[PDB]
Amino acid sequence: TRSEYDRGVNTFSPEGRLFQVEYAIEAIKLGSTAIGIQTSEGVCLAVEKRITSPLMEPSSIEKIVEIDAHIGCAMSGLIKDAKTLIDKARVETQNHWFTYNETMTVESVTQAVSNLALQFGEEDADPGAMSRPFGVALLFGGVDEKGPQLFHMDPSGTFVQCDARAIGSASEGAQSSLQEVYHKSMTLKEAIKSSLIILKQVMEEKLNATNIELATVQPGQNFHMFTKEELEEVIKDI
Amino acid sequence: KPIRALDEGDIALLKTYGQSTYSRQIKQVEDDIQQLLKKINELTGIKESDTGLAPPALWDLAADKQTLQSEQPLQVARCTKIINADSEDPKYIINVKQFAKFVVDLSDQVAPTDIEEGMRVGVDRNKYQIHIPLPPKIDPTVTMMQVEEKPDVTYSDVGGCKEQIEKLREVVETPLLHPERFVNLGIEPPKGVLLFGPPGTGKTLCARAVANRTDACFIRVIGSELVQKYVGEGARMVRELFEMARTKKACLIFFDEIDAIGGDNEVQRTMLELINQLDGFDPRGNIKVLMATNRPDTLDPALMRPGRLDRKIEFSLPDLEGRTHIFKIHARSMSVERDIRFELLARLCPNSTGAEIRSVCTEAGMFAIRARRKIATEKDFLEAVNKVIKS
Amino acid sequence: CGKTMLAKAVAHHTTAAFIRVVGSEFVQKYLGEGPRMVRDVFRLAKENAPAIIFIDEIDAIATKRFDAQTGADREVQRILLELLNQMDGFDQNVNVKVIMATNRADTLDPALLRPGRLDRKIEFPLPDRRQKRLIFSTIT
Amino acid sequence: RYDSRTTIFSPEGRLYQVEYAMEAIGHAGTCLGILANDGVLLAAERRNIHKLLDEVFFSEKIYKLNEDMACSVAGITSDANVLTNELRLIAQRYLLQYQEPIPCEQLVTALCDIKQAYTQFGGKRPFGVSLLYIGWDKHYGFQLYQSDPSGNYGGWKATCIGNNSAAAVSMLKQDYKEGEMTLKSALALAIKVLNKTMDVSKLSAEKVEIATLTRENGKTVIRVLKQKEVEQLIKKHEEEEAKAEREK
Amino acid sequence: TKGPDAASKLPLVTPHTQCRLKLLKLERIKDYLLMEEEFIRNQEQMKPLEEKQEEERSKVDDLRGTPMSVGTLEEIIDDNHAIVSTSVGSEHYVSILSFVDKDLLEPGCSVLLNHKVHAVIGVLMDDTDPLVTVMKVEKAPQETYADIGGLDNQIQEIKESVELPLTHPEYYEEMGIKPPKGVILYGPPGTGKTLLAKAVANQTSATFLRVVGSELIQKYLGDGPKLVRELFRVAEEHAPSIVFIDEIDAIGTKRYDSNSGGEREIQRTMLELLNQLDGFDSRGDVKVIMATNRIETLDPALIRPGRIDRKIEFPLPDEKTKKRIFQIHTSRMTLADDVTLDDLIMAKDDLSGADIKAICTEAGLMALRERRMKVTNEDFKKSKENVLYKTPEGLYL
Amino acid sequence: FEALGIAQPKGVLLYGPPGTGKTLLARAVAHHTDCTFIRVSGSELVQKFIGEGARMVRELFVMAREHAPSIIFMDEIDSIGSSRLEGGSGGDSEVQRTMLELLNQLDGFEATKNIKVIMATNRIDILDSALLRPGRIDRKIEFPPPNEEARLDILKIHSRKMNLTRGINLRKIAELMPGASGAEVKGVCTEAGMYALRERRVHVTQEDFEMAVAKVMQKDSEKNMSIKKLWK
Amino acid sequence: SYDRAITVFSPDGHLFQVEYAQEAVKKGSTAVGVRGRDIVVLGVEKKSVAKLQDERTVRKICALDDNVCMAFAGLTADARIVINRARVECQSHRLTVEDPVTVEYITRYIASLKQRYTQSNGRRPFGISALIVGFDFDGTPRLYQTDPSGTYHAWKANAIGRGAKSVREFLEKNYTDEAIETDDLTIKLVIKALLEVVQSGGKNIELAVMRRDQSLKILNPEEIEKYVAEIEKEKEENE
Ligand SMILES: Nc1ncnc2c1ncn2[C@@H]1O[C@H](COP(=O)(O)OP(=O)(O)OP(=O)(O)O)[C@@H](O)[C@H]1O
Ligand SMILES: Nc1ncnc2c1ncn2[C@@H]1O[C@H](COP(=O)(O)OP(=O)(O)OP(=O)(O)O)[C@@H](O)[C@H]1O
Ligand SMILES: Nc1ncnc2c1ncn2[C@@H]1O[C@H](COP(=O)(O)OP(=O)(O)O)[C@@H](O)[C@H]1O
Ligand SMILES: Nc1ncnc2c1ncn2[C@@H]1O[C@H](COP(=O)(O)OP(=O)(O)O)[C@@H](O)[C@H]1O
Ligand SMILES: [Mg+2]
Ligand SMILES: [Mg+2]
Ligand SMILES: [Mg+2]
């Protein structure tokens, strides 16, 4: 009889599981597929748009956003949940650029965001905060003093450094494909080609310019989201 | 406003004035049309029903009279307890269907060794003496039984049950095809296994596949079959099935939808007969029992006792790799393109039972037929899974 | 307060055809047997002389109708509806007066408490002063 | 089911507690008001006058709020009193802050916001009170607004709320000539509506509660019809009904 | 096996204005009806054909005797004796006489028995107890796919399920998919389920067996499953055939542990129906169609994908379907030119096909109330609320 | 109906408060009609034996068809056709089977002809939606409690046989009955007659009618004033 | 079960209270807004007042600031509350930054308000969807839809409320680049979309047009008859 423990996050299963947190985890699969890959030359983030109507403004739907010029993001889950998460992340990065006047590392970015996360069952919510686990899985990538770095965040608050992680509806299959398609010496161009290959194999529709949002972060330049022409260039090869 | 009832003049004027000039002949003609249909129906006749009369020169009408005047009919009955006969109480209580029950003594043409409880026996009218035992006979055309010696489904046609099929391998392949290992390990081979899981999971199909690959004939025992009309003598029916399994080199006895039997007077007689044919029958035999139900707990507690049912096996819903594998195995028999992203379909149908996936493939074929295309596209599969899945 | 006793006295002091039933007696095991018995008792009263049907504890079956969600409640309300249609239905009864007694009149169905079915709803209050004297005198 | 605290949403989207707060007004006393060419009035039913109520009051169903604001109440007595007191507080807070009598629409919206806040959040039962504010403002002259326990409102020239409100408002809209009634014809119409909607062959002036709002000489006067006045009006309507039936 | 049934007469309705084109067409129909009547009358007027065998037939009848009781051959023994159960239910070990066609004896076939000393003396292949005979459609309903407005997807699905396999089925095994054995119609009441069943039974080429669902239940023990078995045996015997079980929720409700004998018999009847539905191959040309309003209350084993794959949804008609239905049901009317009909369709309501038909009928009645038959727009305006009896205003605005 | 092009109406439901003229109207219709009127008042179709209710429904409709254009009066249709209950276990199903058979007979595959049917109930709101459906039940006639003129008419009908006195004003008596059903009006007539009988007279006076109105209409109010004053 | 709790994830990962509040909009009324080259239009179905309602106070279309407008679908009390809060926030934003509030800012504020109202128990979500329209400082036409889930999205022409799917498909089939060339073409499109669901025409439709900082005037019920005369004229013109 699980039913007595799913009601509420502050319950413990006979197997010691957090059923509310597990449901939040599974709620990630409701979101669109997001794939990020880490290479020596940088990190690239590929996502699916899942456009509901051609009359939609594609700029509104945001699967990848900028927390700071040196770092990038990817989302899978509730739009508003991730909106609060990203706003907090940007506020935190400016907090660091205020306190230490430096660019704060991506591992610390996911540290602070996970600090905002996993706070659902915390008494400090008296002013007002999450009474429910945050329902978005986060993909953080960028370049810091340790070179290019990509971190995947779990709505439970867990983070892990991942060379190539896939979140969203097709996380299992995309991860399985990335398992054999990834090599350590992969160049940025061939990595992005492989990422769009995985998206093509995974996405429910054909790949056009309005089906993919593409992002890149390299030590040289700042965060660049691929424009329409850059997206066409990177998709015409595939 | 007080609305006036239409007067007789008003009825008369409504019937005319605002009428087509052909109302009269049209209505009259249609009335005669219906009348003529009724006349044709009433006088067309019925035609002779053709009773079962054999072609001439086949009839022995003289000997027919001889039999009708000499040979006598016998009522048939479900014989019961022998009253502990010992040749001084040859009477048995016998049940003539919905008629009463009678204690009756044998005819001189029969011997008590040929009569035991539970069998159908022909009894005379005058004294109700059992005149001849009538075995219920065994025939694949009657009942619904094994009707299979080498099922056409192999391990290829079953997918998404890898741990499931591996446990089944442990259950059946190791004792049947490698008896020496349990001989020199001094361990009794598994005596009974229950394959419990939700409907449409593949229990029946996995059992049939393992039957094909175990070089043993598959047995199909539908429960509602012997809950319905073929009840009662079903004990002797399964008795004969098990006996032929003894004669057969190896049978894979699986009782389909045992939810219908495990959940009881003749039902209890039956499962105690299997008590005699697993407990009484040696546990070493090659006719191992296979149990599969939609309701696991429904099976009587005396059945799964240690020394009757060694294992219990859970058939869960197929996973992502399982769902894509069943999609492939079901679309192999279908006209589709060679670039169907089956992984996409498996992803799009979460927590979907195997029957739902086969119905999805069927609906994809239906959508392909709808557009009168000989080859189904990925689009057809997408709309089919939009239709079946999500209900 | 004297309800069943007044029914008893009426049964004694009558030339009429008295049929005594209790409410709980109507509710039968088998489906459709309760309404059948209501039909039978009223039919027996009709085919006899000027008759009296006394149904004690009518709140057993004549509780206010509601949205029955079970077979049993539906059957009880079916018994009540058969009672209504027998008392003041399509084919009327002649010289069949029905006496019905209950402890809780307010829980009775309003369709049963209308003139033409229960023309007179007679209240049997607790004795008042003089009534107490009369009861004491007639019992002592 | 979804009949728990008001902060719930039925799968079809209905707010069942708010729905019940709606239908609960059908148990309240019947009160109406209509908009005349040069006057506005509130007519209400005194449902509970058994024998021994002191009638130590100026009006029960009608509650005055301000030199320009008056309303009629229909709901639970406790929520009625709370709503009236909050109405007074908000109206006079606006007067103190702005040195102008509060516009009827603004005060109505203030009450509606409070009522919504009482069903929007907090796990508190919504005010089960439906109001009929009557008043004047220089922006739109004479205005009448019909409140709602749900927190909505509407500007109406004819509206009845309470028991038997549906039939009353249906016949009222059947017999409303907009823009061409004075105070006298409006009084006659209200009395006829009460005749048709109350459970009495001859309604007594005691059961009737009428207050009229009228602007004259640069000032708005709110007066409840005195017993002599209300009895004269009801007797006039009674002989008018007699005239109608004798002509019929 | 023999062939299908349900002969119907001609659609006519090529005109419908009684412009004498209807008259020539009905005149042709009636004239040919007269031709059939005269031909068969004159045939039976001169048709001398009898006797021939006689004495052999006479003596086989003498052996048969009178009466001969029909029984159900439950089981066969060595080919001189068999087991036959009389209609009472008691079964006897009897002898089979020489003149019976041993090929015809098959478990289930009705066998003629001698009244005294029971013995198989003939075989009846057309027992067809009156209940199942009544359940068979003889005069096809007059409705047609032209009479159905909207439901294009529903008509399309029902034709793909119970017309396409009976007509050219080469696509089905070309694609390797089995034809859909059984379809079920569901939706709110009065949406077009029974109407679609009538329409299918009209443009059909197979035996149509209409069933009430609650008709299958019988008082006597074992009569229910026996009736279901006989009904489906007739369906196979007259293949291809369509078995329409209206109001399937009369028996298709949730299966639960039976206690009373009647509940046990109902469960047994449903189990027999389900087993029979499994019994015939989907490649077989007998299809079942069941309709119900309370789809959720059905047994989730009656609607298993291996049993009843298709599930046709009948939503309340949309605005365009409403206007199609209104065009259909006002077609016969002599509508005045002022009627727009779009105001009623506009009104956001739950008007069904039946509701539209009733609105039209009430509008005609109201026109008759004013002694007219031209039916203005005002008649529809009042009829709408006359028929439509029975969200608190400003909640959701 | 054929010339208009409309379809013939089939059923009609008489719903309203308890005692208004529903069964009275059905009785009158039976009196004034040449059709073979049929009284099948509800719960007569509920048999102990399984599946017998549907069989009786079929037999009733086949008998109505075999006869002339007929009228079936299903009085208190609230009994058998109320609402299909989910599942079995404790919920009724046999009555649901009978009701479904009735529904199919009314408007199903066969499309019965000249079998106009009347049904009555006090609770229309609980009747099954598939039974209230137009085409099976059109013209859901409401029998509201009589208004003052209707109450006067009912009084003048039921006091027709009475020995009234000169000076009786039945209009005042009708006015003394706000929202009184017709059955209550007949009961008032009866009780005034009984008041005349008690004094062993034969005339009924106005005071007799006033006291009869007081006695019949007497009903228990809310005794507790405080509970009564919850609402304004 | 999992439905009667605003902040409890279902086993399949749904906040069912949020989706029920979202569905509550579908029981409102149709409100379609289109943005043109220089204009933005708001077409809403007006409830035909029976005999006595004052249409002055039945406001379905309201302007948050002189540079933004909005139409709502859902419960009117919630819409009034969010209107008051959002216009108060527009004024406070002008207090903080002195420049006119951009449509993005006010839409983000509305979405955040709805979201903070749907993340804790004891606070029922705002069951209203609002179409935000307006021009920025550089006069770019932007239109936003806010969803009771607390999210927002940029729509070129969207419809909400009952029948919003039909209007959505209509706009998909009819929204062209040349259909917004002139103000009259945008108007023709919006009235066509409106009459798709409210076929009665004439009344029961309200329109508002915002040009490049004209402080929009709702189209008054004199040229709605004129504009519908134009619509009917063009309608009999192509057919
Ligand atoms: N799409 C339609 N076009 C025309 N007429 C329709 C349509 N749908 C329904 N009708 C009308 O509705 C009437 C009753 O419908 P029908 O008998 O098919 O009901 P149903 O939906 O099967 O409901 P139920 O089985 O619950 O009684 C039909 O006689 C027909 O005239
Ligand atoms: N309008 C009326 N005119 C005359 N007599 C009436 C009227 N209404 C009711 N009655 C009388 O009152 C009684 C009402 O009984 P009736 O069975 O006709 O009522 P009903 O409305 O069918 O009630 P029920 O809900 O119990 O079926 C009858 O005896 C009848 O004579
Ligand atoms: N693991 C599987 N591999 C292949 N087919 C499967 C599998 N599971 C289910 N199916 C499909 O499901 C259908 C019915 O399965 P079945 O064995 O009847 O289910 P149950 O286990 O309830 O008896 C079969 O046609 C089969 O194709
Ligand atoms: N008026 C009375 N005179 C004498 N005895 C009475 C009177 N009323 C009640 N009783 C006593 O009370 C009992 C009456 O019970 P009764 O009122 O019939 O029960 P119920 O009210 O449950 O029908 C009798 O046994 C009788 O002894
Ligand atoms: Mg007693
Ligand atoms: Mg139907
Ligand atoms: Mg009655």
# chains A, B, ... in the order shown; residues from 1 in each chain; ligands from 1

$ interface_residues --of "chain F" --to "chain C" --cutoff "6 Å" --atoms "only C-alpha atoms" --output "list in words"
residues 18, 23, 27, 46, 47, 48, 79, 90, 91, 92, 183, 184 and 187 of chain F

$ interface_residues --of "chain E" --to "chain G" --cutoff "12 Å" --atoms "only C-alpha atoms" --output "list in words"
residues 318, 319, 320, 340, 341, 342, 343, 344, 345, 346, 347, 348, 391, 392, 393, 394, 395, 396 and 397 of chain E

$ residues_around --residues "residue E:174" --least-positions-apart "4" --cutoff "12 Å" --atoms "only C-alpha atoms" --output "ChimeraX atom specification"
/B:333-336,365-366,368-369,372-376 /E:168-170,178-179

$ atom_distance --atom1 "atom CA of residue A:233" --atom2 "atom CA of residue A:213"
13.2 Å

$ atom_distance --atom1 "atom CA of residue F:68" --atom2 "atom CA of residue F:112"
12.6 Å

$ residues_around --residues "residue G:104" --least-positions-apart "3" --cutoff "9 Å" --atoms "only C-alpha atoms" --output "list in words"
residues 101, 107, 108, 109, 136, 142, 143 and 144 of chain G

$ decode --residues "stretch 73-150 of chain D" --atoms "C-alpha atoms" --output "mmCIF file, in the first residue's frame"
data_model
loop_
_atom_site.group_PDB
_atom_site.id
_atom_site.type_symbol
_atom_site.label_atom_id
_atom_site.label_comp_id
_atom_site.auth_asym_id
_atom_site.auth_seq_id
_atom_site.Cartn_x
_atom_site.Cartn_y
_atom_site.Cartn_z
ATOM 1 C CA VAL D 73 -28.172 42.120 2.774
ATOM 2 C CA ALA D 74 -28.943 38.463 2.032
ATOM 3 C CA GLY D 75 -26.945 35.725 3.733
ATOM 4 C CA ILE D 76 -25.714 34.527 7.096
ATOM 5 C CA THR D 77 -26.247 37.124 9.804
ATOM 6 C CA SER D 78 -22.644 36.997 11.037
ATOM 7 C CA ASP D 79 -21.145 37.432 7.574
ATOM 8 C CA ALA D 80 -23.814 40.072 6.946
ATOM 9 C CA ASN D 81 -22.655 42.155 9.909
ATOM 10 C CA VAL D 82 -18.988 41.668 9.026
ATOM 11 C CA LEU D 83 -19.611 42.733 5.428
ATOM 12 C CA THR D 84 -21.554 45.816 6.497
ATOM 13 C CA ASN D 85 -18.844 46.871 8.944
ATOM 14 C CA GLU D 86 -16.130 46.400 6.323
ATOM 15 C CA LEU D 87 -18.249 48.402 3.881
ATOM 16 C CA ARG D 88 -18.432 51.267 6.369
ATOM 17 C CA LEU D 89 -14.696 51.041 7.045
ATOM 18 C CA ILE D 90 -13.733 51.073 3.363
ATOM 19 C CA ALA D 91 -16.158 53.847 2.411
ATOM 20 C CA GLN D 92 -15.009 56.119 5.213
ATOM 21 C CA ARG D 93 -11.341 55.279 4.624
ATOM 22 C CA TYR D 94 -11.844 56.440 1.039
ATOM 23 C CA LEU D 95 -13.596 59.566 2.313
ATOM 24 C CA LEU D 96 -10.768 60.370 4.736
ATOM 25 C CA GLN D 97 -8.066 59.756 2.132
ATOM 26 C CA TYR D 98 -9.775 61.525 -0.774
ATOM 27 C CA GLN D 99 -12.216 64.007 0.849
ATOM 28 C CA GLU D 100 -14.979 62.835 -1.493
ATOM 29 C CA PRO D 101 -17.764 60.270 -1.035
ATOM 30 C CA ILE D 102 -16.602 56.968 -2.478
ATOM 31 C CA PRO D 103 -17.959 56.135 -5.948
ATOM 32 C CA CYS D 104 -20.424 53.262 -5.866
ATOM 33 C CA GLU D 105 -18.404 51.252 -8.386
ATOM 34 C CA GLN D 106 -15.188 51.698 -6.397
ATOM 35 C CA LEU D 107 -16.759 50.579 -3.112
ATOM 36 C CA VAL D 108 -18.462 47.666 -4.862
ATOM 37 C CA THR D 109 -15.132 46.571 -6.333
ATOM 38 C CA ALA D 110 -13.497 46.898 -2.913
ATOM 39 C CA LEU D 111 -16.081 44.571 -1.381
ATOM 40 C CA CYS D 112 -15.761 42.187 -4.308
ATOM 41 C CA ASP D 113 -11.991 42.096 -3.845
ATOM 42 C CA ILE D 114 -12.391 41.289 -0.144
ATOM 43 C CA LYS D 115 -14.913 38.549 -0.915
ATOM 44 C CA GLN D 116 -12.655 37.056 -3.586
ATOM 45 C CA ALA D 117 -9.706 37.156 -1.196
ATOM 46 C CA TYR D 118 -11.922 35.194 1.181
ATOM 47 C CA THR D 119 -12.318 32.471 -1.471
ATOM 48 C CA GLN D 120 -9.036 32.905 -3.360
ATOM 49 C CA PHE D 121 -6.855 31.577 -0.542
ATOM 50 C CA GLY D 122 -6.546 30.976 3.177
ATOM 51 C CA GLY D 123 -8.776 27.961 3.726
ATOM 52 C CA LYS D 124 -11.601 30.198 4.955
ATOM 53 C CA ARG D 125 -15.235 29.739 4.009
ATOM 54 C CA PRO D 126 -16.338 32.468 1.574
ATOM 55 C CA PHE D 127 -18.783 35.096 2.756
ATOM 56 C CA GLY D 128 -22.154 33.576 1.959
ATOM 57 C CA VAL D 129 -23.762 36.990 1.526
ATOM 58 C CA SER D 130 -25.220 38.566 -1.613
ATOM 59 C CA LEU D 131 -25.611 42.342 -1.460
ATOM 60 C CA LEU D 132 -27.707 44.923 -3.287
ATOM 61 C CA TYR D 133 -25.925 48.266 -2.934
ATOM 62 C CA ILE D 134 -27.971 51.357 -3.755
ATOM 63 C CA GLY D 135 -26.506 54.816 -4.083
ATOM 64 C CA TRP D 136 -25.797 57.941 -6.082
ATOM 65 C CA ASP D 137 -22.635 59.334 -7.616
ATOM 66 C CA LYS D 138 -21.927 62.382 -9.748
ATOM 67 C CA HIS D 139 -20.249 60.142 -12.347
ATOM 68 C CA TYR D 140 -23.379 58.132 -13.234
ATOM 69 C CA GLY D 141 -26.183 59.630 -11.150
ATOM 70 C CA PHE D 142 -28.261 56.832 -9.632
ATOM 71 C CA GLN D 143 -26.694 53.366 -9.733
ATOM 72 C CA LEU D 144 -27.688 49.958 -8.373
ATOM 73 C CA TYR D 145 -25.260 47.047 -8.100
ATOM 74 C CA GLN D 146 -25.931 43.404 -7.273
ATOM 75 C CA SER D 147 -23.116 41.768 -5.329
ATOM 76 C CA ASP D 148 -22.352 38.083 -5.162
ATOM 77 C CA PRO D 149 -20.791 35.725 -2.597
ATOM 78 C CA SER D 150 -18.505 34.475 -5.369
#
